[PDB]
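Protein chains in written order, with the entry's author numbering: chain c1, 2 to 147; chain s4, 2 to 261; chain s9, 2 to 125; chain s8, 2 to 123, 135 to 197; chain s6, 60 to 218.
Report on the structure given below.
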Amino acid sequence: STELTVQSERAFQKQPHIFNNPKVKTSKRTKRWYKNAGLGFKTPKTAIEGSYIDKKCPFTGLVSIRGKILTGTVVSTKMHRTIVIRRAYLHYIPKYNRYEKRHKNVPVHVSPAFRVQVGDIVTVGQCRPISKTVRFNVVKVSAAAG
Amino acid sequence: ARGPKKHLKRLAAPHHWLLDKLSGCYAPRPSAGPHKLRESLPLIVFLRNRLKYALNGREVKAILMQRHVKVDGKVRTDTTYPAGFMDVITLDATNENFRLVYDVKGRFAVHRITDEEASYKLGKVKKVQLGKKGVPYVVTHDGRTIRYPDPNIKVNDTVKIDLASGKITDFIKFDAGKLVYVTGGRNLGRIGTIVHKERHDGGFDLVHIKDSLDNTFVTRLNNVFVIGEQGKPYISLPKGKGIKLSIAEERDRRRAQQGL
Amino acid sequence: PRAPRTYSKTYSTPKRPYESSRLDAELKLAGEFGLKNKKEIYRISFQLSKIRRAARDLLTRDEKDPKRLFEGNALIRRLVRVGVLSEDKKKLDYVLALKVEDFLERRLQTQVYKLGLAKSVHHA
Amino acid sequence: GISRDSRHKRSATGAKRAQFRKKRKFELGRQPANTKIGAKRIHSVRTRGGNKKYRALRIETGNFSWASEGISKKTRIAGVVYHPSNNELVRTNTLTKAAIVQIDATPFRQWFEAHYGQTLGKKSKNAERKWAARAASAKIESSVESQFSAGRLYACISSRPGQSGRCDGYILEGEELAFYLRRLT
Amino acid sequence: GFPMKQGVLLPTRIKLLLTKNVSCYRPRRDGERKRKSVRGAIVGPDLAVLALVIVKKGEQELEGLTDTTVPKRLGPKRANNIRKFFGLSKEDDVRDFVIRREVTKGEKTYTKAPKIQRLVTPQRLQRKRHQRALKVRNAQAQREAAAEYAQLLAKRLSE
RNA sequence: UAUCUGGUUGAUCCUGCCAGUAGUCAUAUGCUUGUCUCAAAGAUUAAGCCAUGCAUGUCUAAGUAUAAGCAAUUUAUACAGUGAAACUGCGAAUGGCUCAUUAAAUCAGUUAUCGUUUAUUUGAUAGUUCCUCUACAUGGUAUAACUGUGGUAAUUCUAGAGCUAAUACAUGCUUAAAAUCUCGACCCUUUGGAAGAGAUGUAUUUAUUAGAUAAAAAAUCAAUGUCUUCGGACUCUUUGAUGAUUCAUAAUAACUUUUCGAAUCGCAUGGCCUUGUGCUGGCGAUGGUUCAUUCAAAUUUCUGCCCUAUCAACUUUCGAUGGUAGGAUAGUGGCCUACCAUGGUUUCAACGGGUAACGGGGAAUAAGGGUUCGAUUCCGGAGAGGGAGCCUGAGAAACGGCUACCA
RNA sequence: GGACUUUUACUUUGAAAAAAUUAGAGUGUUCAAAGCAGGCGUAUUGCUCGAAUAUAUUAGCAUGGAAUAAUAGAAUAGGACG
RNA sequence: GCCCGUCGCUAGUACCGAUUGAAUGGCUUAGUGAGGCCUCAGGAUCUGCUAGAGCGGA
Ligand SMILES: NC[C@H]1O[C@H](O[C@H]2[C@H](O[C@@H]3O[C@H](CO)[C@@H](O)[C@H](N)[C@H]3O)[C@@H](O)[C@H](N)C[C@@H]2N)[C@H](N)[C@@H](O)[C@@H]1O
Ligand SMILES: [Mg+2]
Ligand SMILES: [Mg+2]
Ligand SMILES: [Mg+2]
Ligand SMILES: [Mg+2]
Ligand SMILES: [Mg+2]
Ligand SMILES: [Mg+2]
Ligand SMILES: [Mg+2]
Ligand SMILES: [Mg+2]
Ligand SMILES: [Mg+2]
Ligand SMILES: [Mg+2]
Ligand SMILES: [Mg+2]
Ligand SMILES: [Mg+2]
Ligand SMILES: [Mg+2]
Ligand SMILES: [Mg+2]
Ligand SMILES: [Mg+2]
Ligand SMILES: [Mg+2]
Ligand SMILES: [Mg+2]
Ligand SMILES: [Mg+2]
Ligand SMILES: [Mg+2]
Ligand SMILES: [Mg+2]
Ligand SMILES: [Mg+2]
Ligand SMILES: [Mg+2]
Ligand SMILES: [Mg+2]
Ligand SMILES: [Mg+2]
Ligand SMILES: [Mg+2]
Ligand SMILES: [Mg+2]
Ligand SMILES: [Mg+2]
Ligand SMILES: [Mg+2]
Ligand SMILES: [Mg+2]
Ligand SMILES: [Mg+2]
Ligand SMILES: [Mg+2]
Ligand SMILES: [Mg+2]
Ligand SMILES: [Mg+2]
Ligand SMILES: [Mg+2]
Ligand SMILES: [Mg+2]
Ligand SMILES: [Mg+2]
Ligand SMILES: [Mg+2]
Ligand SMILES: [Mg+2]
Ligand SMILES: [Mg+2]
Ligand SMILES: [Mg+2]
Ligand SMILES: [Mg+2]
Ligand SMILES: [Mg+2]
Ligand SMILES: [Mg+2]
Ligand SMILES: [Mg+2]
Ligand SMILES: [Mg+2]
Numbered sequence: 002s003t004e005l006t007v008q009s010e011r012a013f014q015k016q017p018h019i020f021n022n023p024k025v026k027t028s029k030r031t032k033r034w035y036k037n038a039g040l041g042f043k044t045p046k047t048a049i050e051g052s053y054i055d056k057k058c059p060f061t062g063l064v065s066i067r068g069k070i071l072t073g074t075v076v077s078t079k080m081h082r083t084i085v086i087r088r089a090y091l092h093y094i095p096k097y098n099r100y101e102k103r104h105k106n107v108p109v110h111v112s113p114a115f116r117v118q119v120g121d122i123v124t125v126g127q128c129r130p131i132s133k134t135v136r137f138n139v140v141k142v143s144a145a146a147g
Numbered sequence: 002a003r004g005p006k007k008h009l010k011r012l013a014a015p016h017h018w019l020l021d022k023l024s025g026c027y028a029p030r031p032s033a034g035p036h037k038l039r040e041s042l043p044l045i046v047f048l049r050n051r052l053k054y055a056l057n058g059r060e061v062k063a064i065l066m067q068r069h070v071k072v073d074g075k076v077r078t079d080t081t082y083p084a085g086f087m088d089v090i091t092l093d094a095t096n097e098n099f100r101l102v103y104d105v106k107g108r109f110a111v112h113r114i115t116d117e118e119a120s121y122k123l124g125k126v127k128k129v130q131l132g133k134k135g136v137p138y139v140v141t142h143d144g145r146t147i148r149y150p151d152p153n154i155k156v157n158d159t160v161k162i163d164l165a166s167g168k169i170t171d172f173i174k175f176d177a178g179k180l181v182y183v184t185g186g187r188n189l190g191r192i193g194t195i196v197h198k199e200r201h202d203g204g205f206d207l208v209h210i211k212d213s214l215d216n217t218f219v220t221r222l223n224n225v226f227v228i229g230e231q232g233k234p235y236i237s238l239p240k241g242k243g244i245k246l247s248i249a250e251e252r253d254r255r256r257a258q259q260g261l
Numbered sequence: 002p003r004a005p006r007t008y009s010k011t012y013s014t015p016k017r018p019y020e021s022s023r024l025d026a027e028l029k030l031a032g033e034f035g036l037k038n039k040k041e042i043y044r045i046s047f048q049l050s051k052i053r054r055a056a057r058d059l060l061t062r063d064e065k066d067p068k069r070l071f072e073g074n075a076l077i078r079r080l081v082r083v084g085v086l087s088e089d090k091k092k093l094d095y096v097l098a099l100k101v102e103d104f105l106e107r108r109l110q111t112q113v114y115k116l117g118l119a120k121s122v123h124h125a
Numbered sequence: 002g003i004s005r006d007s008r009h010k011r012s013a014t015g016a017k018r019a020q021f022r023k024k025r026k027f028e029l030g031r032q033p034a035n036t037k038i039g040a041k042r043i044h045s046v047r048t049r050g051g052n053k054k055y056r057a058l059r060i061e062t063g064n065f066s067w068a069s070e071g072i073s074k075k076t077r078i079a080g081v082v083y084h085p086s087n088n089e090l091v092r093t094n095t096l097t098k099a100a101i102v103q104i105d106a107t108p109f110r111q112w113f114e115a116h117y118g119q120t121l122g123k135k136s137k138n139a140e141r142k143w144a145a146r147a148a149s150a151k152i153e154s155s156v157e158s159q160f161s162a163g164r165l166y167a168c169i170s171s172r173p174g175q176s177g178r179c180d181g182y183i184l185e186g187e188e189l190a191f192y193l194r195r196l197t
Numbered sequence: 060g061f062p063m064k065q066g067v068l069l070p071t072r073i074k075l076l077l078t079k080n081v082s083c084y085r086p087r088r089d090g091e092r093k094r095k096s097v098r099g100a101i102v103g104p105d106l107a108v109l110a111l112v113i114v115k116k117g118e119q120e121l122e123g124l125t126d127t128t129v130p131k132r133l134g135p136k137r138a139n140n141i142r143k144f145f146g147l148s149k150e151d152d153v154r155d156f157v158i159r160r161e162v163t164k165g166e167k168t169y170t171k172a173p174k175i176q177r178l179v180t181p182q183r184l185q186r187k188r189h190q191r192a193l194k195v196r197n198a199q200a201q202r203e204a205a206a207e208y209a210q211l212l213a214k215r216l217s218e
């Protein structure tokens, strides 16, 4: 989730083809490009007032949300700009006419403009492959009880 | 699998072809063409299996090689050619003109239409899009691409196509109280009015339908084809008008007219 | 890779092979109707099992169920067309009381003797 | 050859996977053209479905756009200066995307001293008509202008010489020229 | 019986991977390459036969060679090859110049000749005429519906 | 279609298993065998080894005939019937076979492509082409078959000499009008003008711009275009699809070992007037760039596998989880590389071991709940003695294709 | 007039759902297993019914219900409405 | 009456066991390493354009 000072990286962070002319003096030192996510997901304020780049961001980045939309509790924040959801569910064993507690751990990419921690039930949506385990992107966040 | 499958095992054929279990290992495997293969009717099923004009597949080609069959106005020579919904199939000597249109049981039905009305067909616009050079265009279910259409034609609208020139002539919008043909699913073959289109963002908008008998049923939007205005079909419907009699009601009509 | 030709066996064997009372009754049915072997008895005990089963399954469904009415009647309509079910026994509760001789009675075997033509089941 | 499949990788839980099938062409990878600075040498590559691609292994002379001025010129590409991924690409003067190379100025100086009538950082009315109107637009960054003295401009390759066969870029301006000028020092 | 391969040097046989458009292999199918023994380019006593071709002729006549001259089997076929053969002009209408050959049945000498290709014919000039007309005709009709739509657009903006 | 019965005691009631009983798409075997219909069949063991033969080739009116082929008889003096061989094109990546591998894999149901390639089919789509005299009434070589000279015990081995074609190969002409953009000789000084020179098909690469619009109204700096009661008036200011995009589409400046823009073929022989081999002209074929469609493909979401803890920790040398950049791919992506973090899985059983394990549709048994099975007719997967490599091509990591190692 | 599940589980209806096979409708293959055939009439140029229907929900999608069973909220007010 | 264990005979089953005992299949360390592909080169022999000398192409 955490982010640097903007340009920490050996390569220049910027958004693609978003150009601000040095011949034309401006107020905002850097043009910023955002987009509406869709599905009624409200691109939050931190998205438009930040300096962060994160091309994997659902807003401000080049990924797009399509496919399944999942909700789950956030069990590990420890990675950088990605986290781990624990989705819980109850599986049916027909012979015994009862259920068994199972679970699945989903890595998802948490854009800056979201500050997430363990607790923190999270909505997440299918973005296309990001890295090798990551198919989902943080979209909406709900609070923690503790 | 290393490339295109060129064979269709019989029993993997579409069931609406109504091909018998025995008689061969294979089915016709429609060619690539205007219709999607599970949704089409290869000319050989029409001529030999439906119309009974040919017996062998060998005869089917003999007929076609003579140019005795047109589809949508052009000579089609391909044994497996994939004719489908709203196609024409004009057999000139024999003076017969048909249109491929669904049973109430889901099956492409033999339907004889006049010498006119063979002169046109109804395409349902699939996408509308802006081509290069600035020219917009419209694409239909049958794969027809027509530049320079009405700007009021939208995706899911239907279209009247001339077939001599191509050339869309008028059109119907997609909205409530329109007359609708169900092109797939459980209700394939039913005809009816609209009522409600329940939309869902992200996919699969449902269209609720009500037929002449005040029966209601739903399919997906994709399965809905716009054929005209209520009680006012723009093409000749086949017998029974997509009514869906119950199995009991079917039994009564059978033994009503058979016997007395 | 030709479509498979489906088939089914037409008869069933009894659970207890040695029963005096059941082996007599089967002999009787053999002699009255001119039967060949127990298998012919058996084939009919089978048909009856299938028809009583479909009836049972219909009678647990609420009356005026479209399935109960549609399949109920058709079952009864075929049983009458052969002369197994009487001109009115026509409710489903009655097919459940139907038994084997009712079927055995309708054999072209037994009809050739029933009206003239024979003067025996074995002549028949 | 090079396979791009995921099945050869361990799974997320870290278990080792057993080989399912033999490598398939449609997962094929290829060897990198390390494009260099020299006489133009470009080989085609017949890729999936017909579809030539172009490996540029030796190049000079490519197209660079001056974004603020709205024009593009074709220049020499003197050398490579920086590179974020691997400093060996700077050592070996390898042309890849995100290059940060120096290029010839003189096609850019020739277009400025024509278009704007001025010089860089030291008649015929219709010509003087345009020169006067276009002024007040004649001031560019001091960080850029100072480069023209040396004859070479800092630019960054925007294309993929290994794919297009073109080494193409844009001359470094704006905040981005500050960043790289700071790394360069 | 292994052939020599030009320019492989060596006085021996090696095993090479051979392609299309390379001597000593005829690929049996498309993209097929084969590994075959081939004999070096350098002469040694192990050659069964050495094939040479006369460059500059010597003093005395070689009996089966300098004496008898043997004919080309076919004459020109393409138009300008006939022209290049006889030294004709662009205006010269090859036609009646082409070579014919006599063949007897048992009782009937008949003649036969090639079919000149790249011949400038009434049919060919007609095909050019049809396509040209097709181009300009369609290009105008493509403007027609195009300005016609532009009006219907301004007419729906009124609607 | 919800059933039992025999065996422990002198006897008795239990526990409890052994025995009997019934089916088996379940295989073998033994003894017996007349008719009709139907028909599984070298899976189990040895994805062990194979003699021989066969299983992949293909021509229309319509790419190439000087067969020293055949028949003809043309109207025939360019060619014209039929037609071997060979070129060229296409197919051989379909089928058929098997179940070895494979246990989060495959597979099923369900998604994804705003994450891509797609011969072909079907529908669309092309006036722009080194013009610092130049064939466009049509450029150029080069080969096969063939002829003849040869090598080898031997093969669908081929050398060297001579001929000759194309829808092979290699080249290369072009057609209206306008408008808009730079440069600018000169008009002369003013709200100041412009002759004429170039550039502009498509595609390729990059940068830049537009693609608007959730309710309104002014101010200025710069630049700039259209009216003029000639002072300034200013115009009600033209814009698609999606839940969503940097989308479709368009503009600017350029870039390119410059992609495509018919030197192709078959039937017809009509019409104009200056009658010239003039000009024009019909129905088809085969091509050709882009787009769509169709037949596909490649990844992909969600949930779901048998026995085992006498497998409890596993993963990161040598990529393990993630970040940035690049490279690569058709394309996403640790697919790979450089740098940087230290993550990722696990008693809700990870990881490992076993399977006499390909998955599924389905099969047997028939109160119900369940138990057992599914090599094998359909779908999907995998392989072609074992591995790996790769050529051609839209498509193969092919095996009745090649290369190599092992056997 | 169109749009609240705080967040679920649960339950209803529906869509989307290959054929074969299973259940089952129709049909005298001479019966039957089967098959998807066929049935009339002058048999002189014909007419015509069929090739239903039911069925996994584990999971997903759409949906009606809010009992049961969980769950979130104002307490150092840092609460709600304006 | 029942009834236990050593000892002794016969047959069958597994077990411990020197033998660094053996076999087959998977995964491997390290050294070596076939082959094609990419790439730097090489240029047998052929060709184009501007007696000559020159600039390219396969
Ligand atoms: N070579 C294999 C075949 O050999 C026999 O064929 C019989 C033949 O079956 C043929 O095959 C078809 C498929 O089985 C039948 O449907 C046809 N009616 C018939 O033409 C029978 O109609 C004859 N009465 C006997 C003949 N020996 C076997 N008995 C078949 O079972 C078997 O498949
Ligand atoms: Mg915005
Ligand atoms: Mg049939
Ligand atoms: Mg929607
Ligand atoms: Mg049945
Ligand atoms: Mg350097
Ligand atoms: Mg020709
Ligand atoms: Mg006792
Ligand atoms: Mg005893
Ligand atoms: Mg006793
Ligand atoms: Mg006793
Ligand atoms: Mg037992
Ligand atoms: Mg007989
Ligand atoms: Mg029979
Ligand atoms: Mg044998
Ligand atoms: Mg075997
Ligand atoms: Mg296959
Ligand atoms: Mg395991
Ligand atoms: Mg699937
Ligand atoms: Mg050009
Ligand atoms: Mg004009
Ligand atoms: Mg704006
Ligand atoms: Mg150019
Ligand atoms: Mg080129
Ligand atoms: Mg004259
Ligand atoms: Mg798939
Ligand atoms: Mg990347
Ligand atoms: Mg990639
Ligand atoms: Mg990365
Ligand atoms: Mg196995
Ligand atoms: Mg089952
Ligand atoms: Mg029981
Ligand atoms: Mg199986
Ligand atoms: Mg096996
Ligand atoms: Mg088998
Ligand atoms: Mg394979
Ligand atoms: Mg074998
Ligand atoms: Mg094969
Ligand atoms: Mg292989
Ligand atoms: Mg073989
Ligand atoms: Mg039935
Ligand atoms: Mg029957
Ligand atoms: Mg549920
Ligand atoms: Mg309680
Ligand atoms: Mg012993
Ligand atoms: Mg030893």
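All C-beta atoms in this analysis are idealised placements derived from N, C-alpha and C, irrespective of residue type, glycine included.
- With the rule of 3 Cβ pairs closer than 8 Å, the stretch 5-24 of chain s9 does not count as touching the stretch 228-243 of chain s4.
- For a Cβ distance threshold of 9 Å, residue set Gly-186, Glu-187 of chain s8 lies close to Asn-21 (chain c1), ordered along the chain.
- DSSP places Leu-77 (chain s6) within a strand segment (E or B) once states are collapsed to three.
- In terms of Cα proximity to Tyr-12 (chain s9), the closest of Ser-21 (chain s9), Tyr-19 (chain s9), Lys-39 (chain s9) is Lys-39 (chain s9).
- Listed in chain order, the positions of the stretch 186-217 of chain s6 with a beta carbon within less than 9 Å of a beta carbon of chain s4 are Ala-204, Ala-205, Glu-207, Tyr-208, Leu-211, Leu-212, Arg-215.
- Against chain s8, the CB of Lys-79 (chain c1) has no partner CB under 8 Å away; the residue lies outside that interface.
- Contacts with chain s6 at 8 Å (Cβ-Cβ) do not include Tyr-138 (chain s4).
- In the structure shown, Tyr-35 (chain c1) adopts coil according to DSSP, grouped into three states.
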